[PDB]
Ligand SMILES: *[C@@H]1O[C@H](CO)[C@@H](O[C@@H]2O[C@H](CO)[C@@H](O)[C@H](O)[C@H]2NC(C)=O)[C@H](O)[C@H]1NC(C)=O
């Protein structure tokens, strides 16, 4: 067995292809050797070494022992790999890093940092007598007995969470102690506060060890709730302040609304008022607030200015994951465009403090941001999309664009830029002038058959590379790459028309606009691009572009996408390079209103090109004086607030809109041009009415020697080939208390037979990225999972896959890692937390209910509605239960009205048993509030079943034995309620 | 017969205040002399010059400080390599070609930590001194080179106080992992460089902690058959790992700097981690019979690399640990000479002070040492001396010897060994040495030695040196002459009266702060008459206590063995004189470093413990060039400074 | 500005000096930035 | 440019995108044209009639009135309660992005409607040419330029 592996290792000890044999021999019980080698893109020798070592390793692993397997992994794991710099411990930041003038004697007092650390204080004196390294003095901050608690990132409302912790005792002698928990209102605990924070049960830790801590809680309210933990011992008392983040059920969905304020109509029609209506979505999670933030900034560029200058974060594309070098460049995009605005227009007086220090800070952040991509650069100065992956023509072009633009304000290394440009033009430019891609990275999915898709992608890549080379040409103005630019420009000129898509037409037009703008064929391309223009209004208030050609698709989109903003941005930049000022104003208005709170847009490319369009337009037109009285108020409610926007302050902080009324933003006569964006965040219970561009399936299995298997497959659009999607993302939300095996994920990306190109675990999410998801078959990620802490009433999680550059091509699906049913009953006590906030059905035919308590409960000012219904249908949707009922007799209506004998919907949390309703039976139901939805073309009302919702079974006949009297008093109350009007 | 001696550093240092000594003899009437550094070879330009007066009031000895200004030298294509040292007077005019260096000062790069993780910021400052160990106040350029060889950042800053604070270097979110280099340099005039390193490593969450404890830090002859290794492992919640699988692989390593190692697939022994602790024994002999080696005579100064993998049984998680190398040690002792020049003076007893250290370079006491020696005279007639034996002084670690050789001896090949009662003959320490006789055409020799060197010289005390000449022409020597050098600069010089009523006479030298941390003393007398004047010289190296000129001391009030988190504490800084102080507070765990006093005495152009094959070699080994009308026969191509020899 | 070989070198003060290309070309070094003594090729600059 | 002949013959239901989209009034010779007038389908197509919700703005107050359209080929008989209004779509763009209505009265007014979502600019310009031809020099109102 050793010699059978000694031969293998000895064969590939100094082999050119050595890694392929190594990760060929790795265990993969889900795919054959040929299926794994089918993904190898490093040549035939790597495929043959991989296949050999894979087959031999699979034959040797038959009927093995654990010691034999581990010894084999010892033989392979040492001789073939090299090494990797990594550290298992973290070191806190140093401090006291200061210089002092010491007149022979100087004392300075401070506070030691909060840490268990042996600090080492080192002094170095400098004087006219030389240098003196003082004796290093030690300062050990140490705690012998201390508690720590492990609080999860988030917890879904209703889940019963076990909070685990540990008390540490480093003293050699054991001791008594007790930890107690701080009871907050929203957090429901099984026990009850004594005097108000839990109880002290004295336990003992043994000397030089630890003791476990557990606290079961059940959050009833959404939001961040403070929880304290007290550790008490005969030697003191410690308080640990903590925070539990409670998240609603269902999926988060985010909609955006944009409005441009032009009070004097300088760039278009006058715009002084706008009304953002309050509309409740269809599948809204019950007892959850509709969140919406209001952001009113000063200029077209004000949102990006606020994003960079307000350092509370921040990424303008947080919904897209890191991993690709594109993300590292996008991190420096906003700082660059802000700096370009402030420097080119000389607007440093916006700062109330010293402008020179602010220009310093921005220059430093710009340099630091520009360094982020250096990891993805290879020795030959090419760039790779994935760290350690193959060099990409596309990404090298993009890096040349960002670097070439940044070089204006932070000078770049000319020799490096030269080597990158020459790597492009010397290797991956064909005779016809086009550029070809080296790697398998597919940034975009285009239409047409395989040949037509090839032509389209070739045109797109050539234009993209041309943009990159043009943006960085002045750094390294070589005659060779100018000749390359000429050949590529010729290819674009000859091959753009006839167009196959507005997207490639636009990017080709913008690439050619960076060169000779007098060529006739370029003018023809600009004409063809103008022919595809869409307008809102006549005379047009808006002008934008759809990425599909008109002769292929005549329908007009109702909401924007990334391709829409990117095509419109390319057309806008082409027009700006042509100085076509009459044509861009409605385009600028459309891109400005399509912008998002934070400054970004839908994906990365549309974001950078739209930011360049807005900024370049802002620098090209006259800067108007800014003076508005902006008042935001609710329609049928109080005035929210108002502020006077001037050039002094115009990046004001956002404001949360809490009330459920329609919002109204208005201004009087003003000077300037402000932007008003509203971001709405809701949580929905369903995803059925969303267009799915992927077939999804996900399951949990038991394995031999629990595991999640998540499969996706691409659904090609119209005229799209079966080649598969472009750069894709598989985001798997993990349920509460479920932890993923990171080794399984590493094994799927680190090898030459990689299935995925990058992975990460962020905030309870397993985020994988991919070059392409197939259309022909399913692709599955498989990774083991384990239970970190115990969770009861586990809320389902989500499985989302989408195209990185087309987040609109997506599909979201719910799943649960627990099979757990049934939900029959909660049995007595240890129960008040589950049944805390939901309704309890009255006792069946209970005659002790005294008709006046049935009226006083109905006439309660808290109780909004109260009437008698008949249930028609039961339905179970995800985490909730919906009851279709008929509204029979109305007894009270405080807020909106519903019609008699109309269909009324009820909703209760599925995790509520004592409110079990039987289909076909009548019930008297009284409660608070409702939801008014617009379904089809009419209204609909949905009523949640919570606490203080009085429900009672109501038979229609009178053969219920003694319930003849029951219905007697029931109809007594029912008769008395409407004849009085309390 | 009238003579003149011009003493200068072996090499001129651009921008340095170079002190030039002139000592003339035989002159009774006063006269002036001009010392000058001019351009080579035309002497059209005078880089600097000074006038010195020589009189009976002056004892016909004087000094002049010259400076080659950096701005006075061209830049770029055809830079200056040589200058002319020139002395002109009514009596004589002599010049010499002197090489120059553009290395001036010291640049110490100080980063807060040596290891960083992504998104951290590297705090970095530079301590900048000129050649005279004073705040350079020169603008400085910092360069950052990543593990892939790319220069990713450069920043220059002016220097006001000798401490240069630079902006923090932000490590990227996804950086290049590995060894980063920081390079400090002066923007103008000089070629001085500084260099520091810091690693950027990727953080990986560990499941548990694994510790390896070898029986000893070195492997001797007693543990060459069995070497105990204890492998412990515990969870980070302060509990011992109950059951796990321990796999241990062993390798042979050349040096710890190179990450190359030769594994041994024969000693892959596997054991069980039970209740936190496991133990194995490594039979070195049997395992190193693999990969050749075979014997313990080999493997000496090589290392034993140890690799351990621990696989916890409950959760199946695995964690690794490694010992980089345990040096195989053939002899528990290492020998080195102390304050014994390898040069013989015919007629003077030759002393040999051997020194014994352990594997930690610590002075081992009570160690017997045996000294053997062979002698070769002018007739090539070899003679084997009778062996001698001393015991290591336990007060200073010294084992002293004194040797009486015939006057005609020329070469002394002496060998020293340790004589431990419990060591085999192979495991003893052995060192060989060769000493050559000083050559003089007048059979004239000089030997200096200052009472004795234990303890080391403390600033403020006094150095009572003994000057013993052996020669004809003894009772016609008028005086003795001396030059004291420190840190590559002549700090003192002078002349003492020779007593006609003795063979030796004590010359007293007050040891001053200028002599920290080391100095060199050259003493010579002039033999005159017919033929040509002769300089008879000797030199010694003075190791002096490392004492700061402006001593810094930091203390923490209150003083306690341990502190509590968030505790308000006061730090007291005390200096001898008004001084700047750069402070740092670093988690010591980063170290698992720098010593300035040793890197500072690279500017000493002398080598060895003193002495020389002849007068010119004595001056050369002391870091001196000289101009003389006396005999100046030196070796060939002797223009660069000496290089300290290694063995 | 064609196949003229150029050189990256250190001068007597430690500064990086590049030489070998005639007027109108640029020296491109395909080595890492930390290679002191390197060889490169000249490329024609625009005008 | 191009030729503006589109959608022959003119069908009102086709000009209304078969009741799947909303249209906004952008030009009208009616001096009393409601500001920010937008018509959107308020129900399904039952028989020859079709519910149409009309939103508009009076001052700073938004209002909405329900109407019923009776479609007969190119003619549309709109009505609300007792008020009736006769219209005939006299032109419809090739992609049904905009159309030109003719309302009947003593002085027949002409209106231009277009998709609220936007339309192809060449087709919108064609509808504009048709409306300028029919209006023949009369003053046009632009209800969508009323700060909507
Ligand atoms: C959890 O502990 C924090 C820290 O002590 C409490 O915050 C303090 O509350 C007291 C009143 O109870 C105030 O007088 C202090 O000013 C608060 N300090 C801070 C820093 O906020 C907090 O009230 C505790 N929470 C619970 C639920 O007991």
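Chain D is numbered as in Swiss-Prot; the shown residues are, in order, 21-168.
Quick check of the header: X-ray crystallography, 2.6 Å.
In case you wondered, yes, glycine gets a Cβ from its N, Cα and C as well.
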From the candidates D:47, D:107, give the one listed by Swiss-Prot for the same (12R)-hydroxy-(9Z)-octadecenoate site as D:54, D:85, D:119, D:121.
D:107
Based on Cα distances to residue D:24 (disulfide bond), point out the closest of the binding-site residues D:54, D:85, D:87, D:107, D:119.
D:119
Within its own chain, what residues at least 6 apart in sequence put their Cβ under 8 Å from the Cβ of residue D:54 ((9Z)-hexadecenoate binding site), listed in sequence order?
D:45, D:74, D:76, D:77, D:78, D:163
Based on Cα coordinates, which of the following recorded positions are within 10 Å of residue D:147 (disulfide bond): D:56, D:87, D:107, D:119?
D:119
Using C-alpha positions only, work out which of the binding-site residues D:85, D:87, D:119, D:121 is nearest to residue D:146 (disulfide bond).
D:119
Does DSSP put residue D:87 ((9Z)-hexadecenoate binding site) in a helix, in a strand, or in coil?
strand
Using DSSP with the three-state reduction, classify residue D:121 ((12R)-hydroxy-(9Z)-octadecenoate binding site) as helix, strand or coil.
strand
If you count other CB atoms within 10 A of each CB, which of D:107, D:119 wins among these binding-site residues?
D:119
Have a look around residue D:121 ((12R)-hydroxy-(9Z)-octadecenoate binding site) and count the other CB atoms within 10 A of its CB, chains all included.
23
Sort the recorded positions D:56, D:107, D:118, D:121, D:168 by C-alpha distance from residue D:85 ((9Z)-hexadecenoate binding site) and give me just the closest.
D:56
State the three-class DSSP label for residue D:168 (disulfide bond), counting H, G and I as helix, E and B as strand, and everything else as coil.
coil
Do you know which of the disulfide-bonded residues D:24, D:118, D:146, D:147 has the most other C-beta atoms within 10 angstroms of its C-beta?
D:118
Of the recorded positions listed as D:56, D:87, D:168, the one whose CA lies nearest the CA of residue D:119 ((12R)-hydroxy-(9Z)-octadecenoate binding site):
D:56
Looking at the disulfide-bonded residues D:56, D:168, which one has the fewest other Cβ atoms within 10 Å of its own Cβ?
D:56
Residue D:87 ((9Z)-hexadecenoate binding site), number of other Cβ atoms within 10 Å:
17
Nearest of the recorded positions (D:56, D:107, D:121, D:168) to residue D:87 ((9Z)-hexadecenoate binding site) - Cα to Cα:
D:107
Could you tell me the C-alpha distance between residue D:168 (disulfide bond) and residue D:118 (disulfide bond) in angstrom, no decimals?
19
